[PDB]
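Peer 1: Next up is a structure, given as structure tokens.
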Protein chains: 4
Amino acid sequence: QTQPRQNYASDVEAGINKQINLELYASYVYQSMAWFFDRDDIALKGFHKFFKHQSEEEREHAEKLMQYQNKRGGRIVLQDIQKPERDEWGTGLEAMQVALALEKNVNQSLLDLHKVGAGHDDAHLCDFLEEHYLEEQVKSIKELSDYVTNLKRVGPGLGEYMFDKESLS
Amino acid sequence: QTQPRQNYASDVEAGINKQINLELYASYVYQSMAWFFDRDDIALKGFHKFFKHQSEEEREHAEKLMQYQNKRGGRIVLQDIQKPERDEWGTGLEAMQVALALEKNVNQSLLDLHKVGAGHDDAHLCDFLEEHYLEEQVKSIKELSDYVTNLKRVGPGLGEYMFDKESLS
Amino acid sequence: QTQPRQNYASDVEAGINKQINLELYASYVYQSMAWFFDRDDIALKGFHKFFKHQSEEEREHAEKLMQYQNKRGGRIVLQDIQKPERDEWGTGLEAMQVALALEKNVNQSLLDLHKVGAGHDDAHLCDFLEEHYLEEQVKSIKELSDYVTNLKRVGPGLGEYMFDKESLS
Amino acid sequence: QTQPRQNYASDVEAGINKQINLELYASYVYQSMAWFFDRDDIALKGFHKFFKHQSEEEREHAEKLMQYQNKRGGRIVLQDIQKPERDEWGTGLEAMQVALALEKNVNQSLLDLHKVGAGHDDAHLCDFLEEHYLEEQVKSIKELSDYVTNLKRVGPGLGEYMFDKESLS
Ligand SMILES: [Cl-]
Ligand SMILES: [Cl-]
Ligand SMILES: [Cl-]
Ligand SMILES: [Cl-]
Ligand SMILES: [Zn+2]
Ligand SMILES: [Zn+2]
Ligand SMILES: [Zn+2]
Ligand SMILES: [Zn+2]
Ligand SMILES: [Zn+2]
Ligand SMILES: [Zn+2]
Ligand SMILES: [Zn+2]
Ligand SMILES: [Zn+2]
Ligand SMILES: [Zn+2]
Ligand SMILES: [Zn+2]
Ligand SMILES: [Zn+2]
Ligand SMILES: [Zn+2]
Ligand SMILES: [Zn+2]
Ligand SMILES: [Zn+2]
Ligand SMILES: [Zn+2]
Ligand SMILES: [Zn+2]
Ligand SMILES: [Zn+2]
Ligand SMILES: [Zn+2]
Ligand SMILES: [Zn+2]
Ligand SMILES: [Zn+2]
Ligand SMILES: [Zn+2]
Ligand SMILES: [Zn+2]
Ligand SMILES: [Zn+2]
Ligand SMILES: [Zn+2]
Ligand SMILES: [Zn+2]
Ligand SMILES: [Zn+2]
Ligand SMILES: [Zn+2]
Ligand SMILES: [Zn+2]
Ligand SMILES: [Zn+2]
Ligand SMILES: [Zn+2]
Ligand SMILES: [Zn+2]
Ligand SMILES: [Zn+2]
Ligand SMILES: [Zn+2]
Ligand SMILES: [Zn+2]
Ligand SMILES: [Zn+2]
Ligand SMILES: [Zn+2]
Ligand SMILES: [Zn+2]
Ligand SMILES: [Zn+2]
Ligand SMILES: [Zn+2]
Ligand SMILES: [Zn+2]
Ligand SMILES: [Zn+2]
Ligand SMILES: [Zn+2]
Ligand SMILES: [Zn+2]
Ligand SMILES: [Zn+2]
Ligand SMILES: [Zn+2]
């Protein structure tokens, strides 16, 4: 076994590699959304900047899992990053709804990983997810939920424009 | 009688205890409203912050009456703080209308207390209410009246959103 | 279900509402104690300030649970805040003994909630209690235990006076 | 009548002159107490400084009434300042008890004056007493009550010494 390895189950190591790919995928989805909102026929800079930031964060989430894998003595095994489901993401409301669904899918993956680790008494994995992932996910889901509500409140047209200016700067 | 007591009628002492409970109740109503506007399906941060501030102020009003009771040699007798009438508070307009009605009820209580004290020539009580309560109430009622008018002016939807951004930050 | 809700059991949501009321109750007990020590015939300013601070903290604990409920997509349901058991709290020693017993009761409630969440694999709830509540409770219980010991050490009269000056400023 | 005089009853003018003498008397009592605590066989510097400050305040109270009399167009008529009842004032506790009784006597005089003015609709007198005298009296009475309680708590000897050091610096 590798020099560091201790109390690190093979299925947790595999779950870390799975989560790495999922975070990279989420980064790619948000990158697609960011540049969609930079199109001349969409042209919402606040949405552009919001999803650019979300993409950067997801890449950070992936890198922190790469670091984690090596710290525990696991081995990083990368997979293809699939292209997103769509090339175009609709209105600001529709993109926020996609983001919310994506974040709940990532959250379920993280909770599943936590449960695998708990079955193996992997308290270090537990701590890592609690300190860096689970509350970050809940905060992201609540933020996006709030945005969906307000994009419904303001409506299309001038409403979407003002939300981009006032809620997303 | 207690060491400080002088020119302090029993019914004024009782009225101070009644007002303490009413201020604590008002604090609790505003706390309920504040966190209602933090719900993911309501999501108006300016309303949230406004009612959070109003709740904190009411708690201050109650504590200042607790201090007053002891300064005069009365004795604080606390009662239960009843839960608010509702769990959910409707639109921004509807919540402001509830707040306005609440503040006029608190004002009537304070004016009633002033009248009790005046009948007993309790100039210190008079001063305390004039310096700390009566103009504060009138200012609160005028502010909320102005907000009700403007929430009617702007209308639902984008209007409520913009009022939250521009009048309540 | 609400937009955010994920891995959030109904009995955890209910337990959060129960804890909200308990924290508000504790706040009210400490507020009663604070103003008791401001009475002219008690007149211990350090005890007054200590319990004032404890009351403010408990209100913070309650608000953080209100925020938590909304972040998870639960719904806040407020109950009456019962008046404390007593109007008068005895010596400094006796009040500290009441506070210690109260904090151990709040701690047991929090540990019970942790156990409910653990049965539902609610790692986010676990994290929230570990980060914000459980060590805060242990620290509070140890502090109050230390104060009880020292109030017994110094004795009544000048001892209580000096403890108020030197341990509570 | 004098150039300023308006809505100023003769019995209010006389009551102002009476209050002037009472404030000067209180100043003299506190001056006697201050220098008693500077005696080599008493030697409590905190009590000395406390009563020195109280004497200075009372002189300020008298001067503000002298100014008031002239502002309303009344005429100041000074009377003898009687020597205090005692040359020696006993323990710290006993002096604080004398001070408390004195302040309640001054308060009753002020409340009597307020009542005279109210019968004459003298709102300016009312305001003057509310702004400068009545709450100042209540605060003084509460402070002295608190000190009496604590001087009983600490007891004679080392207790009195420590109260002088810790409560009166
Ligand atoms: Cl675990
Ligand atoms: Cl009046
Ligand atoms: Cl757990
Ligand atoms: Cl009047
Ligand atoms: Zn396994
Ligand atoms: Zn850009
Ligand atoms: Zn962010
Ligand atoms: Zn993050
Ligand atoms: Zn992520
Ligand atoms: Zn492919
Ligand atoms: Zn994410
Ligand atoms: Zn753990
Ligand atoms: Zn865990
Ligand atoms: Zn870390
Ligand atoms: Zn703008
Ligand atoms: Zn009456
Ligand atoms: Zn807030
Ligand atoms: Zn305000
Ligand atoms: Zn106020
Ligand atoms: Zn109020
Ligand atoms: Zn009830
Ligand atoms: Zn109010
Ligand atoms: Zn008045
Ligand atoms: Zn009045
Ligand atoms: Zn005041
Ligand atoms: Zn704007
Ligand atoms: Zn359960
Ligand atoms: Zn205080
Ligand atoms: Zn503390
Ligand atoms: Zn705390
Ligand atoms: Zn607490
Ligand atoms: Zn009850
Ligand atoms: Zn506590
Ligand atoms: Zn945990
Ligand atoms: Zn746990
Ligand atoms: Zn943890
Ligand atoms: Zn936190
Ligand atoms: Zn000391
Ligand atoms: Zn008259
Ligand atoms: Zn001196
Ligand atoms: Zn002073
Ligand atoms: Zn003064
Ligand atoms: Zn005076
Ligand atoms: Zn004489
Ligand atoms: Zn005085
Ligand atoms: Zn007046
Ligand atoms: Zn008056
Ligand atoms: Zn003035
Ligand atoms: Zn010392």
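Here's how to read the names in the structure tokens: chain A, B, ... by the order shown, residue numbers from 1 in each chain, ligand numbers from 1 in the order shown.
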If you count only C-alpha atoms and all ligand atoms, which residues end up within 12 Å of ligand 24, as an MDAnalysis selection string?

Peer 2: (chainID B and resid 110:131 134) or (chainID D and resid 114:115 118 121 123 126:127 130)

Peer 1: Using only C-alpha atoms and all ligand atoms, which protein or nucleic acid residues are at most 10 Å from ligand 19, as a list in words?

Peer 2: residues 54, 56, 57, 58, 59, 60, 61, 62, 64, 132, 133, 134, 135, 136, 137, 139 and 140 of chain B

Peer 1: For the selection just defined, write its residues with N, CA and C atoms to a file, as a compact mmCIF listing (two decimals), in the first residue's frame.

Peer 2:
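Output below, filename again_35.txt:
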```txt
# COMPACT_ATOMS: atom_id res chain seq x y z
N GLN B 54 -36.38 45.93 13.11
CA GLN B 54 -37.54 46.29 13.93
C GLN B 54 -37.65 45.39 15.15
N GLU B 56 -35.18 43.85 16.73
CA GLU B 56 -34.13 44.24 17.66
C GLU B 56 -34.52 45.51 18.40
N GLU B 57 -35.09 46.48 17.70
CA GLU B 57 -35.50 47.71 18.36
C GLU B 57 -36.52 47.41 19.45
N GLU B 58 -37.53 46.58 19.14
CA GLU B 58 -38.56 46.31 20.14
C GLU B 58 -37.96 45.68 21.39
N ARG B 59 -36.98 44.79 21.21
CA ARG B 59 -36.32 44.21 22.38
C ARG B 59 -35.63 45.29 23.20
N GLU B 60 -34.99 46.24 22.52
CA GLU B 60 -34.43 47.40 23.21
C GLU B 60 -35.51 48.16 23.98
N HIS B 61 -36.68 48.38 23.36
CA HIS B 61 -37.77 49.08 24.05
C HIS B 61 -38.16 48.34 25.31
N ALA B 62 -38.24 47.02 25.24
CA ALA B 62 -38.60 46.23 26.42
C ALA B 62 -37.55 46.35 27.51
N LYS B 64 -35.43 48.75 28.07
CA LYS B 64 -35.44 50.07 28.67
C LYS B 64 -36.56 50.20 29.69
N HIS B 132 -38.35 58.83 25.20
CA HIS B 132 -37.94 57.55 24.63
C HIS B 132 -38.98 56.80 23.82
N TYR B 133 -40.27 57.13 23.93
CA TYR B 133 -41.30 56.28 23.36
C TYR B 133 -42.25 56.99 22.41
N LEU B 134 -42.81 58.15 22.79
CA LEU B 134 -43.95 58.67 22.03
C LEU B 134 -43.55 59.17 20.65
N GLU B 135 -42.46 59.94 20.55
CA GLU B 135 -42.03 60.39 19.22
C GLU B 135 -41.42 59.24 18.43
N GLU B 136 -40.75 58.31 19.11
CA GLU B 136 -40.29 57.11 18.40
C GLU B 136 -41.47 56.38 17.76
N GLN B 137 -42.60 56.29 18.45
CA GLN B 137 -43.77 55.64 17.88
C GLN B 137 -44.32 56.42 16.70
N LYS B 139 -42.79 58.44 14.70
CA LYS B 139 -41.86 58.30 13.58
C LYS B 139 -42.00 56.93 12.91
N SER B 140 -42.18 55.88 13.71
CA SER B 140 -42.35 54.53 13.18
C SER B 140 -43.63 54.42 12.37
```

Peer 1: Identify, on the basis of only C-alpha atoms, every residue whose closest approach to residue D:85 does not exceed 12 Å; exclude the query and any residue fewer than 5 positions from it along the same chain; express the result as a PDB file with N, CA and C atoms, in the first residue's frame.

Peer 2:
```
ATOM      1  N   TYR D  25     -28.154  74.082  50.158  1.00  0.00           N
ATOM      2  CA  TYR D  25     -28.063  73.323  51.389  1.00  0.00           C
ATOM      3  C   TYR D  25     -27.518  71.923  51.141  1.00  0.00           C
ATOM      4  N   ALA D  26     -28.062  71.235  50.138  1.00  0.00           N
ATOM      5  CA  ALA D  26     -27.576  69.899  49.822  1.00  0.00           C
ATOM      6  C   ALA D  26     -26.097  69.924  49.464  1.00  0.00           C
ATOM      7  N   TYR D  28     -23.941  71.921  50.675  1.00  0.00           N
ATOM      8  CA  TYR D  28     -23.195  72.112  51.918  1.00  0.00           C
ATOM      9  C   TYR D  28     -23.135  70.829  52.734  1.00  0.00           C
ATOM     10  N   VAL D  29     -24.245  70.088  52.810  1.00  0.00           N
ATOM     11  CA  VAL D  29     -24.225  68.782  53.454  1.00  0.00           C
ATOM     12  C   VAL D  29     -23.178  67.881  52.821  1.00  0.00           C
ATOM     13  N   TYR D  30     -23.170  67.789  51.488  1.00  0.00           N
ATOM     14  CA  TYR D  30     -22.206  66.893  50.860  1.00  0.00           C
ATOM     15  C   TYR D  30     -20.767  67.372  51.052  1.00  0.00           C
ATOM     16  N   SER D  32     -19.656  68.899  53.750  1.00  0.00           N
ATOM     17  CA  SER D  32     -19.327  68.446  55.092  1.00  0.00           C
ATOM     18  C   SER D  32     -18.951  66.981  55.092  1.00  0.00           C
ATOM     19  N   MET D  33     -19.753  66.158  54.398  1.00  0.00           N
ATOM     20  CA  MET D  33     -19.464  64.731  54.344  1.00  0.00           C
ATOM     21  C   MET D  33     -18.125  64.486  53.661  1.00  0.00           C
ATOM     22  N   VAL D  98     -27.753  58.731  54.805  1.00  0.00           N
ATOM     23  CA  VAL D  98     -28.105  60.149  54.918  1.00  0.00           C
ATOM     24  C   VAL D  98     -28.271  60.765  53.538  1.00  0.00           C
ATOM     25  N   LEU D 102     -31.589  62.496  51.913  1.00  0.00           N
ATOM     26  CA  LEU D 102     -31.516  63.871  51.441  1.00  0.00           C
ATOM     27  C   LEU D 102     -32.010  63.974  50.009  1.00  0.00           C
TER      28      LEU D 102
END
```

Peer 1: For stretch 4-85 of chain C against stretch 40-52 of chain B, with a cut-off of 10 Å and counting only C-alpha atoms, what is the closest atom pair and its distance in Å to one decimal for every residue that makes the cut, ordered by chain and number, as a tab-separated table?

Peer 2:
```
residue	atom	partner	partner_atom	distance
C:4	CA	B:40	CA	7.6
C:70	CA	B:40	CA	6.9
C:71	CA	B:40	CA	7.7
C:72	CA	B:40	CA	9.3
C:73	CA	B:40	CA	7.2
C:74	CA	B:40	CA	9.8
```

Peer 1: Write out, as an mmCIF file, in the first residue's frame, the residues just selected, with N, CA and C atoms.

Peer 2:
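That gives us selection-v8.cif:
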```
data_model
loop_
_atom_site.group_PDB
_atom_site.id
_atom_site.type_symbol
_atom_site.label_atom_id
_atom_site.label_comp_id
_atom_site.auth_asym_id
_atom_site.auth_seq_id
_atom_site.Cartn_x
_atom_site.Cartn_y
_atom_site.Cartn_z
ATOM 1 N N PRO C 4 -35.335 23.856 -1.798
ATOM 2 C CA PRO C 4 -34.031 23.360 -1.329
ATOM 3 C C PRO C 4 -34.057 21.945 -0.798
ATOM 4 N N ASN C 70 -34.726 27.595 7.329
ATOM 5 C CA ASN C 70 -34.981 28.067 5.970
ATOM 6 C C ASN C 70 -33.932 27.556 4.978
ATOM 7 N N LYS C 71 -32.662 27.440 5.392
ATOM 8 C CA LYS C 71 -31.626 26.987 4.457
ATOM 9 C C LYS C 71 -31.906 25.572 3.978
ATOM 10 N N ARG C 72 -32.450 24.730 4.860
ATOM 11 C CA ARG C 72 -32.761 23.350 4.500
ATOM 12 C C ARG C 72 -34.122 23.196 3.834
ATOM 13 N N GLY C 73 -34.927 24.244 3.773
ATOM 14 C CA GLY C 73 -36.245 24.155 3.190
ATOM 15 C C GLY C 73 -37.315 23.726 4.158
ATOM 16 N N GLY C 74 -36.998 23.705 5.455
ATOM 17 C CA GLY C 74 -38.008 23.514 6.467
ATOM 18 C C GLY C 74 -38.764 24.804 6.688
#
```

Peer 1: Hey, list the chain D side of the contact with chain C: 6 Å cut-off, only C-alpha atoms, answer as a VMD selection string.

Peer 2: chain D and resid 145 to 146 149 153 to 154 159

Peer 1: Could you give me, as a PyMOL selection string, the residues within 8 Å of residue D:144, counting only C-alpha atoms and dropping anything in the same chain fewer than 2 positions from it?

Peer 2: chain D and resi 96-97+99-100+140-142+146-148
